[PDB]
Amino acid sequence: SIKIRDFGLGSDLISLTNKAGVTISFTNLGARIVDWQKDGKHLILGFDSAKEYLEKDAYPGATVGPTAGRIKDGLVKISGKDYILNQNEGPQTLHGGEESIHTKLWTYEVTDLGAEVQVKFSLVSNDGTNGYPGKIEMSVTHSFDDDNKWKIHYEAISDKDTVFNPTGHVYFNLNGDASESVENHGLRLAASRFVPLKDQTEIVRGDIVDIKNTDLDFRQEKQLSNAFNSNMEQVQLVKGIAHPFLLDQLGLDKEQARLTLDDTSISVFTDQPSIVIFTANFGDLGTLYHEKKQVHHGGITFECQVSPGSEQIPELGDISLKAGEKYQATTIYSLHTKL
Amino acid sequence: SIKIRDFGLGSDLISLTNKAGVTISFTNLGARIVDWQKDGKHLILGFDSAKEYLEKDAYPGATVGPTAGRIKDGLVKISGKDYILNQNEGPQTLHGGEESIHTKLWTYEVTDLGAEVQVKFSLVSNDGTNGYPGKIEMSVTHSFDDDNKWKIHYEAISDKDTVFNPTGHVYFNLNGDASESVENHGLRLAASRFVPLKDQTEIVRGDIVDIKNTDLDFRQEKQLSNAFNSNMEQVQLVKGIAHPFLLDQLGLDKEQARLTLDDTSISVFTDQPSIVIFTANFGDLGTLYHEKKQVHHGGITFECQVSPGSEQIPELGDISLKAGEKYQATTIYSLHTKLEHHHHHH
Ligand SMILES: OC[C@H]1O[C@@H](O)[C@H](O)[C@@H](O)[C@H]1O
Ligand SMILES: OC[C@H]1O[C@H](O)[C@H](O)[C@@H](O)[C@H]1O
Ligand code: NA
């Protein structure tokens, strides 16, 4: 079943319920995921109206871009030329700059396929918007099916050579409550390397590091508290995890990651080469989710994309988008329950 | 009363009914007016769904900007610097550029004041968007009251020195039928001069001309057919009217224009210095409005703003907006009945 309702400020709430009784909700404000629930329990973090996101934290569940992550000094080079993007976190351009795409009302169309329902959100980013060459016509289709697969398919075409590398910023919390650390969940991740951060500014340090046999090797499922109680300078640096992990094997068929709590597990599939993991290291901030004060470590992201820092570490990849080339990305979050 | 419902593609349709029974409705797609009816008759042109605007004509009833009209070669000078804007009409920048603000979903909040209801739409134009320095925090409030006054109030603040001069693109047609020409409407307009256009590209010629005693003199009411039938060069150039009229007396207090058909009149008030009048010179295009093929001359706009061309005719005004400075503009369209005697035939 599909239900559409007013989410506040003119945005809509589109709720989909599959054959299994599982309900996923999205809003056009930022082409985002608002809730995901089973047997009455939220699996992800989310607010109860548009205003909240605007007032509290605009990123949760949002499609962020055009470039996800931090760009040092807001500087990219396009076809040999340097371009300075909007700078919104010191000199860095973070998630596309201020008042970026996650704060806009996207247009959308719903497509009911039966076992599968698609919600296609569309937005045009004007040439020069926040310094980005365009125009860029973007669409993000979030779909939900009877097999409990929530899939995100991105597509884009630009009139000029530009940069493009968006991501989905959903925060998972299998405890169903923000006041509860995710240190009790277990994580498995098919990555033997990561990208260390230079410092508190969170720009990349410059190198690629081997994680095998360290507190960050989740190659073998392991509990989060491990990483959390590690003395590794990198962990201590951010007070948790807030880094890109390079996947060992690329391809949409491979389960790249798994997050488990009891009988409940989320499997991550993507065609992207990297996963950025941030464990809501908010300290005492205490953002309120559903009347619950959020705790340090009260959520975790799986930002699938090309790793931030390719501006200084080219090996990471190349995020350019040539005028006329069609960009495509796919990321999937599969829900499972042991019987 | 106020009613809201989905209008298509994610937009809403906000419908107000005042105490007199007059209904007006807006959509956050382009912070635009969609319809205005009296006794079941449409006083304006509009479509039935959001997709119609996107597929047929995205300008009717829309808020357009950041700069309304054509900027020759998209070139503006801001604080001694030249900036080139998006060029969407040949080398010209028409109505802020391609995929401009009239194409976006604005957020909104409704305030019920009882005798007056306000719909405040908001949008942020990012710095660099279409070439304009910013960011620009914009807001358009559309309000309707028990006195049948539809009012538009614009506010804006930029982080940087930029240019701003938006307008409202409604089209009236008192026949309530697009396939009916407005040549049968009477027009009264407090303007003695106009701005001629250089040629078919529609950029300004460079001079300001006196139109008194010509077929474009509406200081004293006359049927629109007088203009439409005129063979004056400027009229033949655009096949109707499509020019800026310079108001003789400035101020929000003055009825600068009045459009009448039989017992119904629409009065125009504004704090702007000019009214750009475009009489839907589309020839045989025949855009369908409510299933009626629109006719040449099947509608008339009253775009209140600083006249286009100030880049060339500095005398028209200054559309620059300084960083931190608050822009404001107000335009009011008020409806009346039996304001005068208008009994004609065509
Ligand atoms: O505070 C650091 C974090 O900031 C977030 O906005 C970002 O999405 C995370 O991946 C992480 O880098
Ligand atoms: O074609 C000329 C015409 O073009 C557009 O529709 C404008 O909005 C009108 O004001 C007028 O200048
Ligand atoms: Na809605």
# chains A, B, ... in the order shown; residues from 1 in each chain; ligands from 1
>>> interface_residues(of="chain A", to="chain B", cutoff="6 Å", atoms="only C-alpha atoms", output="list in words")
residues 9, 10, 105, 107, 108, 109, 126, 127, 128, 129, 130 and 131 of chain A
>>> residues_around(residues="region 317-324 of chain A", least_positions_apart="3", cutoff="6 Å", atoms="only C-alpha atoms", output="short mmCIF file (atom, residue, chain, number, x, y, z; two decimals) with C-alpha atoms, in the first residue's frame")
data_model
loop_
_atom_site.label_atom_id
_atom_site.label_comp_id
_atom_site.auth_asym_id
_atom_site.auth_seq_id
_atom_site.Cartn_x
_atom_site.Cartn_y
_atom_site.Cartn_z
CA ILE A 157 23.40 14.46 -17.03
CA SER A 158 25.15 17.77 -17.12
CA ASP A 159 25.41 20.37 -19.81
CA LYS A 160 29.07 20.99 -18.91
CA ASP A 161 32.00 19.11 -17.56
CA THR A 162 31.55 19.03 -13.78
CA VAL A 163 31.97 16.83 -10.69
CA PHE A 164 29.38 14.43 -9.37
CA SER A 310 40.42 12.08 -4.53
CA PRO A 314 43.94 10.30 -7.21
#
>>> residues_near_ligand(ligand="ligand 2", cutoff="6 Å", atoms="only C-alpha atoms and all ligand atoms", output="PDB file with N, CA, C and O atoms, in the first residue's frame")
ATOM      1  N   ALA B 242       3.849  44.497 -25.887  1.00  0.00           N
ATOM      2  CA  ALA B 242       4.826  43.704 -25.190  1.00  0.00           C
ATOM      3  C   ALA B 242       5.887  44.650 -24.714  1.00  0.00           C
ATOM      4  O   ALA B 242       7.064  44.411 -24.960  1.00  0.00           O
ATOM      5  N   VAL B 276       4.979  46.240 -17.369  1.00  0.00           N
ATOM      6  CA  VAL B 276       5.304  45.559 -18.620  1.00  0.00           C
ATOM      7  C   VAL B 276       4.028  44.880 -19.021  1.00  0.00           C
ATOM      8  O   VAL B 276       3.468  44.071 -18.250  1.00  0.00           O
ATOM      9  N   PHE B 278       2.073  42.592 -21.743  1.00  0.00           N
ATOM     10  CA  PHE B 278       2.208  41.610 -22.835  1.00  0.00           C
ATOM     11  C   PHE B 278       0.843  41.012 -23.073  1.00  0.00           C
ATOM     12  O   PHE B 278       0.213  40.417 -22.178  1.00  0.00           O
TER      13      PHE B 278
END
>>> residues_near_ligand(ligand="ligand 1", cutoff="10 Å", atoms="only C-alpha atoms and all ligand atoms", output="ChimeraX atom specification")
/A:57-60,64,68-70,94-95,167-171,197,200-203,238,240-244,275-282,300-303,308
>>> residues_around(residues="residue 7 (chain A)", least_positions_apart="6", cutoff="7 Å", atoms="only C-alpha atoms", output="PyMOL selection string")
chain A and resi 13+49-50
>>> select_by_dssp(residues="region 118-234 of chain A", states="strand (DSSP E)", output="ChimeraX atom specification")
/A:118-125,136-145,149-158,162-163,167-168,171-172,186-189,191-194,209-210,222-223
>>> select_by_dssp(residues="region 14-180 of chain B", states="alpha helix (DSSP H)", output="NGL selection string")
:B and (50-55)
>>> residues_around(residues="residue 75 (chain B)", least_positions_apart="4", cutoff="8 Å", atoms="only C-alpha atoms", output="ChimeraX atom specification")
/B:71,82-85
>>> atom_distance(atom1="CA of residue 30 (chain A)", atom2="CA of residue 329 (chain A)")
17.3 Å
>>> atom_distance(atom1="CA of residue 119 (chain A)", atom2="CA of residue 31 (chain B)")
24.0 Å
>>> closest_residue(among="B:261, B:170, B:241, B:339", to="residue 281 (chain B)", atoms="only C-alpha atoms")
B:241
>>> closest_residue(among="A:117, A:123, A:85, A:16", to="residue 67 (chain A)", atoms="only C-alpha atoms")
A:85
>>> closest_residue(among="A:222, A:193, A:254, A:120", to="residue 209 (chain A)", atoms="only C-alpha atoms")
A:193
>>> closest_residue(among="A:136, A:54, A:115, A:29", to="ligand 3", atoms="only C-alpha atoms and all ligand atoms")
A:29
>>> closest_atom_pairs(of="chain A", to="ligand 3", cutoff="6 Å", atoms="only C-alpha atoms and all ligand atoms", output="Markdown table")
| residue | atom | partner | partner_atom_place_in_ligand_line | distance |
| --- | --- | --- | --- | --- |
| A:6 | CA | ligand 3 | 1 (Na) | 5.0 |
| A:10 | CA | ligand 3 | 1 (Na) | 5.5 |
| A:11 | CA | ligand 3 | 1 (Na) | 5.6 |
| A:12 | CA | ligand 3 | 1 (Na) | 4.7 |
>>> closest_residue(among="A:28, A:92, A:260, A:100", to="residue 184 (chain A)", atoms="only C-alpha atoms")
A:260
>>> residues_around(residues="region 138-152 of chain B", least_positions_apart="4", cutoff="7 Å", atoms="only C-alpha atoms", output="mmCIF file with C-alpha atoms, in the first residue's frame")
data_model
loop_
_atom_site.group_PDB
_atom_site.id
_atom_site.type_symbol
_atom_site.label_atom_id
_atom_site.label_comp_id
_atom_site.auth_asym_id
_atom_site.auth_seq_id
_atom_site.Cartn_x
_atom_site.Cartn_y
_atom_site.Cartn_z
ATOM 1 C CA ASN B 18 -13.024 34.831 1.241
ATOM 2 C CA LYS B 19 -16.193 35.969 2.943
ATOM 3 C CA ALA B 20 -17.639 37.335 -0.264
ATOM 4 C CA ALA B 115 -10.159 38.729 7.146
ATOM 5 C CA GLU B 116 -6.927 38.117 5.368
ATOM 6 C CA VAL B 117 -5.102 34.914 4.653
ATOM 7 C CA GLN B 118 -1.378 34.873 3.690
ATOM 8 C CA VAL B 119 0.599 32.243 1.817
ATOM 9 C CA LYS B 120 4.292 32.889 2.260
ATOM 10 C CA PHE B 121 6.479 31.016 -0.130
ATOM 11 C CA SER B 122 10.250 30.746 0.302
ATOM 12 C CA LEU B 123 13.299 29.819 -1.701
ATOM 13 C CA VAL B 124 16.958 30.292 -1.636
ATOM 14 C CA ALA B 156 14.847 39.368 -0.344
ATOM 15 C CA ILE B 157 18.331 39.522 1.291
ATOM 16 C CA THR B 330 4.320 45.258 -3.329
ATOM 17 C CA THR B 331 1.791 44.808 -6.035
ATOM 18 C CA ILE B 332 -1.942 44.611 -5.594
ATOM 19 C CA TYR B 333 -4.664 43.485 -7.856
ATOM 20 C CA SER B 334 -8.118 44.327 -6.621
ATOM 21 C CA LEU B 335 -11.365 43.151 -7.984
#
>>> closest_residue(among="A:257, A:71, A:43, A:195", to="residue 178 (chain A)", atoms="only C-alpha atoms")
A:43
>>> residues_around(residues="region 315-329 of chain B", least_positions_apart="6", cutoff="8 Å", atoms="only C-alpha atoms", output="PyMOL selection string")
chain B and resi 78+153-165+270-272+306-309
>>> write_last_selection(atoms="N, CA and C atoms", output="mmCIF file, in the first residue's frame")
data_model
loop_
_atom_site.group_PDB
_atom_site.id
_atom_site.type_symbol
_atom_site.label_atom_id
_atom_site.label_comp_id
_atom_site.auth_asym_id
_atom_site.auth_seq_id
_atom_site.Cartn_x
_atom_site.Cartn_y
_atom_site.Cartn_z
ATOM 1 N N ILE B 78 27.999 44.548 -11.617
ATOM 2 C CA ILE B 78 27.704 44.606 -10.187
ATOM 3 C C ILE B 78 28.914 45.003 -9.372
ATOM 4 N N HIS B 153 3.631 40.437 -2.042
ATOM 5 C CA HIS B 153 4.721 41.098 -1.334
ATOM 6 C C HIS B 153 6.005 40.293 -1.431
ATOM 7 N N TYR B 154 7.024 40.933 -1.998
ATOM 8 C CA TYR B 154 8.324 40.304 -2.221
ATOM 9 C C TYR B 154 9.348 40.774 -1.198
ATOM 10 N N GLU B 155 10.132 39.860 -0.660
ATOM 11 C CA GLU B 155 11.233 40.253 0.217
ATOM 12 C C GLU B 155 12.469 39.453 -0.170
ATOM 13 N N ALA B 156 13.624 40.045 0.020
ATOM 14 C CA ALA B 156 14.847 39.368 -0.344
ATOM 15 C C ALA B 156 16.031 40.066 0.346
ATOM 16 N N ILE B 157 17.036 39.220 0.679
ATOM 17 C CA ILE B 157 18.331 39.522 1.291
ATOM 18 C C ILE B 157 19.388 38.611 0.659
ATOM 19 N N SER B 158 20.480 39.261 0.209
ATOM 20 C CA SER B 158 21.600 38.628 -0.422
ATOM 21 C C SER B 158 22.814 38.783 0.479
ATOM 22 N N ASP B 159 23.658 37.772 0.377
ATOM 23 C CA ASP B 159 24.908 37.658 1.106
ATOM 24 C C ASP B 159 25.961 38.442 0.403
ATOM 25 N N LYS B 160 25.687 38.725 -0.860
ATOM 26 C CA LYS B 160 26.549 39.468 -1.778
ATOM 27 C C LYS B 160 25.832 40.505 -2.594
ATOM 28 N N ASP B 161 26.590 41.505 -3.086
ATOM 29 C CA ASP B 161 26.046 42.544 -3.961
ATOM 30 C C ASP B 161 25.547 41.793 -5.195
ATOM 31 N N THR B 162 24.303 42.054 -5.536
ATOM 32 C CA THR B 162 23.736 41.295 -6.700
ATOM 33 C C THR B 162 22.698 42.171 -7.407
ATOM 34 N N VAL B 163 21.868 41.594 -8.273
ATOM 35 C CA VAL B 163 20.763 42.300 -8.943
ATOM 36 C C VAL B 163 19.414 41.622 -8.621
ATOM 37 N N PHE B 164 18.357 42.389 -8.372
ATOM 38 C CA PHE B 164 17.079 41.755 -8.087
ATOM 39 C C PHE B 164 15.901 42.645 -8.535
ATOM 40 N N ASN B 165 14.972 42.075 -9.289
ATOM 41 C CA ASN B 165 13.864 42.772 -9.835
ATOM 42 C C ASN B 165 12.858 41.766 -10.370
ATOM 43 N N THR B 270 0.765 49.453 -7.249
ATOM 44 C CA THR B 270 2.103 48.902 -7.069
ATOM 45 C C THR B 270 3.055 49.951 -6.584
ATOM 46 N N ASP B 271 4.202 49.510 -6.137
ATOM 47 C CA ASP B 271 5.196 50.465 -5.651
ATOM 48 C C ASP B 271 6.369 50.566 -6.621
ATOM 49 N N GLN B 272 6.205 49.836 -7.742
ATOM 50 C CA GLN B 272 7.174 49.796 -8.815
ATOM 51 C C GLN B 272 6.953 50.977 -9.780
ATOM 52 N N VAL B 306 10.819 47.195 -12.138
ATOM 53 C CA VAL B 306 11.621 48.258 -12.672
ATOM 54 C C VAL B 306 11.685 47.819 -14.140
ATOM 55 N N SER B 307 11.537 48.739 -15.091
ATOM 56 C CA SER B 307 11.571 48.360 -16.515
ATOM 57 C C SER B 307 12.855 47.641 -16.908
ATOM 58 N N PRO B 308 12.683 46.645 -17.770
ATOM 59 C CA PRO B 308 13.818 45.961 -18.349
ATOM 60 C C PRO B 308 14.595 47.017 -19.199
ATOM 61 N N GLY B 309 15.890 46.807 -19.495
ATOM 62 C CA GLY B 309 16.654 47.742 -20.305
ATOM 63 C C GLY B 309 17.483 48.699 -19.472
#
>>> residues_around(residues="residue 168 (chain B)", least_positions_apart="3", cutoff="8 Å", atoms="only C-alpha atoms", output="PDB file with N, CA, C and O atoms, in the first residue's frame")
ATOM      1  N   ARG B  32       3.207  30.662  -7.547  1.00  0.00           N
ATOM      2  CA  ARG B  32       2.302  31.175  -8.536  1.00  0.00           C
ATOM      3  C   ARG B  32       0.825  31.116  -8.262  1.00  0.00           C
ATOM      4  O   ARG B  32       0.328  30.185  -7.621  1.00  0.00           O
ATOM      5  N   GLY B  61       1.093  33.100 -14.259  1.00  0.00           N
ATOM      6  CA  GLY B  61       0.833  33.258 -12.857  1.00  0.00           C
ATOM      7  C   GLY B  61       2.065  33.126 -11.993  1.00  0.00           C
ATOM      8  O   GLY B  61       1.995  33.382 -10.782  1.00  0.00           O
ATOM      9  N   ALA B  62       3.207  32.792 -12.628  1.00  0.00           N
ATOM     10  CA  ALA B  62       4.449  32.567 -11.862  1.00  0.00           C
ATOM     11  C   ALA B  62       5.109  33.772 -11.317  1.00  0.00           C
ATOM     12  O   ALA B  62       4.900  34.844 -11.852  1.00  0.00           O
ATOM     13  N   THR B  63       5.941  33.530 -10.295  1.00  0.00           N
ATOM     14  CA  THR B  63       6.849  34.529  -9.791  1.00  0.00           C
ATOM     15  C   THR B  63       8.096  34.300 -10.668  1.00  0.00           C
ATOM     16  O   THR B  63       8.535  33.133 -10.802  1.00  0.00           O
ATOM     17  N   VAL B  64       8.612  35.339 -11.367  1.00  0.00           N
ATOM     18  CA  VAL B  64       9.807  35.215 -12.239  1.00  0.00           C
ATOM     19  C   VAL B  64      10.911  36.138 -11.731  1.00  0.00           C
ATOM     20  O   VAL B  64      10.692  37.247 -11.252  1.00  0.00           O
ATOM     21  N   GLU B 303       2.967  43.205 -15.688  1.00  0.00           N
ATOM     22  CA  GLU B 303       4.103  42.855 -14.864  1.00  0.00           C
ATOM     23  C   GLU B 303       4.688  44.073 -14.192  1.00  0.00           C
ATOM     24  O   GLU B 303       5.294  44.895 -14.845  1.00  0.00           O
ATOM     25  N   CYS B 304       4.439  44.259 -12.935  1.00  0.00           N
ATOM     26  CA  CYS B 304       4.940  45.448 -12.301  1.00  0.00           C
ATOM     27  C   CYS B 304       6.377  45.219 -11.894  1.00  0.00           C
ATOM     28  O   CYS B 304       6.645  44.193 -11.287  1.00  0.00           O
TER      29      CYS B 304
END
